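**Q** Handing you this structure, nothing more for now.
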2 protein chains.
Amino acid sequence: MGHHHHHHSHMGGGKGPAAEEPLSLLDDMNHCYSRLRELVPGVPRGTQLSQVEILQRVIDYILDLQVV
Amino acid sequence: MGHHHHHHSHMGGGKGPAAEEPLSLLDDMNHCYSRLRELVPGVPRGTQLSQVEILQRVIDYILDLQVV
């Protein structure tokens, strides 16, 4: 009752079209988008932001972590 | 007021009034999701990745960079 996932992978790329799944079981997507906006400092005070805006603004956050 | 352009050390806040919908329009979400996959060295190649599991594995990627 309550578990963690101890797993790591380091090979490179991770590019692909992938395969589709039954989208969201426990509204897991909604939990993820909350935690994304907390790790990303680039949120203005008094904004809700759309589901698509979060994705784009997470990429800008990762650009500074990778190569400026 | 209207977001003053000064040097601060605060994010938007955290949680707020949850009001939004999945727009997508053309395919713009998946264009962001592909650009996420480019920066993730934890994905095999052509595996089962829903729009949800991409978010989760991008958080796991950021957990390696933050070390939580």
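Ordering of the structure tokens sets the chain letters (A, B, ...), residue numbers begin anew at 1 in every chain, and ligands are numbered from 1 in the order given.
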Between chain A and chain B, at 6 Å or less, what are the per-residue closest atom pairs and their distances in Å? Count only C-alpha atoms, order by chain and rising residue number, and return it as JSON lines.

**A**
{"residue": "A:9", "atom": "CA", "partner": "B:42", "partner_atom": "CA", "distance": 4.6}
{"residue": "A:10", "atom": "CA", "partner": "B:41", "partner_atom": "CA", "distance": 5.6}
{"residue": "A:11", "atom": "CA", "partner": "B:41", "partner_atom": "CA", "distance": 5.9}
{"residue": "A:12", "atom": "CA", "partner": "B:41", "partner_atom": "CA", "distance": 4.2}
{"residue": "A:13", "atom": "CA", "partner": "B:41", "partner_atom": "CA", "distance": 5.2}
{"residue": "A:14", "atom": "CA", "partner": "B:43", "partner_atom": "CA", "distance": 4.4}
{"residue": "A:15", "atom": "CA", "partner": "B:38", "partner_atom": "CA", "distance": 5.2}
{"residue": "A:16", "atom": "CA", "partner": "B:45", "partner_atom": "CA", "distance": 5.3}
{"residue": "A:18", "atom": "CA", "partner": "B:46", "partner_atom": "CA", "distance": 4.5}
{"residue": "A:19", "atom": "CA", "partner": "B:48", "partner_atom": "CA", "distance": 4.4}
{"residue": "A:20", "atom": "CA", "partner": "B:50", "partner_atom": "CA", "distance": 5.3}
{"residue": "A:21", "atom": "CA", "partner": "B:50", "partner_atom": "CA", "distance": 5.2}
{"residue": "A:29", "atom": "CA", "partner": "B:52", "partner_atom": "CA", "distance": 5.0}
{"residue": "A:41", "atom": "CA", "partner": "B:11", "partner_atom": "CA", "distance": 4.8}
{"residue": "A:43", "atom": "CA", "partner": "B:12", "partner_atom": "CA", "distance": 4.7}
{"residue": "A:44", "atom": "CA", "partner": "B:12", "partner_atom": "CA", "distance": 4.7}
{"residue": "A:45", "atom": "CA", "partner": "B:12", "partner_atom": "CA", "distance": 3.9}
{"residue": "A:52", "atom": "CA", "partner": "B:29", "partner_atom": "CA", "distance": 5.6}
{"residue": "A:55", "atom": "CA", "partner": "B:32", "partner_atom": "CA", "distance": 6.0}
{"residue": "A:56", "atom": "CA", "partner": "B:32", "partner_atom": "CA", "distance": 5.9}

**Q** I need the residues from that last selection saved to file as a compact mmCIF listing (two decimals), in the first residue's frame (with C-alpha atoms), if you can.

**A**
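Here's the written file selection_29.txt:
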# COMPACT_ATOMS: atom_id res chain seq x y z
CA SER A 9 18.55 4.74 -17.77
CA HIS A 10 21.55 6.44 -19.51
CA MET A 11 22.11 5.56 -23.24
CA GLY A 12 21.15 8.79 -25.13
CA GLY A 13 18.63 10.34 -27.57
CA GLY A 14 15.24 8.96 -26.41
CA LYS A 15 13.69 10.17 -29.72
CA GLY A 16 10.70 8.25 -31.23
CA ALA A 18 6.18 5.80 -29.69
CA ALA A 19 2.85 3.88 -29.15
CA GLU A 20 -0.48 5.32 -27.83
CA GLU A 21 -2.02 4.17 -24.46
CA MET A 29 -1.59 14.03 -16.07
CA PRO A 41 10.44 29.26 -11.72
CA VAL A 43 5.49 31.32 -13.76
CA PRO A 44 4.11 34.98 -13.36
CA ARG A 45 2.26 35.79 -10.03
CA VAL A 52 -0.13 23.44 -23.64
CA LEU A 55 4.80 21.95 -21.85
CA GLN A 56 6.46 24.80 -23.84

**Q** Once chain B is fitted onto chain A over all Cα atoms in order, please give the RMSD.

**A**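 Between chain A and chain B, the C-alpha RMSD is 6.0 Å.
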
**Q** Just to confirm, what's the straight-line distance from CA of residue 2 (chain A) to CA of residue 27 (chain A) in Å (one decimal)?

**A**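 It comes out at 17.2 Å.
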
**Q** Please indicate the distance in Å from CA of residue 67 (chain A) to CA of residue 26 (chain B), rounded to one decimal place.

**A** 29.4 Å

**Q** Run DSSP on the backbone of this structure and report the residues of chain B it assigns to helix (DSSP H, G or I), as an MDAnalysis selection string.

**A** chainID B and resid 28:38 51:66

**Q** Save the residues we just selected, N, CA and C atoms, as a compact mmCIF listing (two decimals), in the first residue's frame?

**A**
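Output saved as again-v4.txt:
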# COMPACT_ATOMS: atom_id res chain seq x y z
N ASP B 28 -0.38 20.74 -31.50
CA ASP B 28 0.68 21.58 -30.90
C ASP B 28 1.25 20.98 -29.58
N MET B 29 0.40 20.26 -28.84
CA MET B 29 0.81 19.56 -27.60
C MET B 29 1.91 18.52 -27.88
N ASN B 30 1.69 17.71 -28.94
CA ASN B 30 2.58 16.59 -29.33
C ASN B 30 3.91 17.09 -29.94
N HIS B 31 3.88 18.30 -30.55
CA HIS B 31 5.11 19.01 -30.98
C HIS B 31 6.01 19.36 -29.76
N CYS B 32 5.37 19.79 -28.66
CA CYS B 32 6.06 20.03 -27.37
C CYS B 32 6.55 18.70 -26.74
N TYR B 33 5.69 17.65 -26.81
CA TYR B 33 5.98 16.30 -26.26
C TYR B 33 7.17 15.61 -26.97
N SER B 34 7.29 15.83 -28.28
CA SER B 34 8.44 15.32 -29.07
C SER B 34 9.74 16.01 -28.62
N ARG B 35 9.67 17.35 -28.47
CA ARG B 35 10.80 18.18 -28.04
C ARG B 35 11.25 17.86 -26.58
N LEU B 36 10.30 17.35 -25.76
CA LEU B 36 10.62 16.76 -24.44
C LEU B 36 11.44 15.45 -24.61
N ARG B 37 10.93 14.52 -25.46
CA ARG B 37 11.57 13.20 -25.74
C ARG B 37 13.04 13.34 -26.25
N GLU B 38 13.32 14.44 -26.99
CA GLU B 38 14.67 14.74 -27.55
C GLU B 38 15.72 14.87 -26.42
N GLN B 51 0.73 10.60 -23.64
CA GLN B 51 0.95 12.01 -23.28
C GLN B 51 1.22 12.18 -21.75
N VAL B 52 0.63 11.27 -20.95
CA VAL B 52 0.78 11.25 -19.48
C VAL B 52 2.19 10.77 -19.04
N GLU B 53 2.65 9.61 -19.56
CA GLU B 53 3.91 8.98 -19.12
C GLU B 53 5.15 9.81 -19.53
N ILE B 54 5.02 10.59 -20.62
CA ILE B 54 6.05 11.58 -21.01
C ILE B 54 6.29 12.60 -19.87
N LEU B 55 5.18 13.18 -19.35
CA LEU B 55 5.21 14.15 -18.22
C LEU B 55 5.95 13.58 -17.00
N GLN B 56 5.58 12.34 -16.63
CA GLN B 56 6.12 11.62 -15.47
C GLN B 56 7.65 11.38 -15.60
N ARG B 57 8.08 10.94 -16.81
CA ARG B 57 9.50 10.63 -17.11
C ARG B 57 10.35 11.91 -17.29
N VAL B 58 9.70 13.03 -17.68
CA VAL B 58 10.34 14.36 -17.70
C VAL B 58 10.57 14.86 -16.25
N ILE B 59 9.60 14.58 -15.34
CA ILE B 59 9.78 14.87 -13.89
C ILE B 59 10.96 14.05 -13.32
N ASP B 60 10.99 12.73 -13.63
CA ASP B 60 12.09 11.80 -13.22
C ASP B 60 13.47 12.29 -13.71
N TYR B 61 13.48 12.83 -14.94
CA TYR B 61 14.66 13.47 -15.55
C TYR B 61 15.12 14.70 -14.74
N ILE B 62 14.16 15.55 -14.37
CA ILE B 62 14.41 16.77 -13.56
C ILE B 62 14.80 16.40 -12.10
N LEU B 63 14.33 15.23 -11.60
CA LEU B 63 14.69 14.71 -10.24
C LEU B 63 16.18 14.30 -10.17
N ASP B 64 16.74 13.88 -11.32
CA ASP B 64 18.19 13.60 -11.47
C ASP B 64 19.01 14.91 -11.40
N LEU B 65 18.46 15.99 -11.97
CA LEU B 65 19.12 17.32 -12.04
C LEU B 65 19.01 18.11 -10.71
N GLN B 66 17.88 17.92 -10.00
CA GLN B 66 17.60 18.59 -8.70
C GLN B 66 18.15 17.78 -7.51
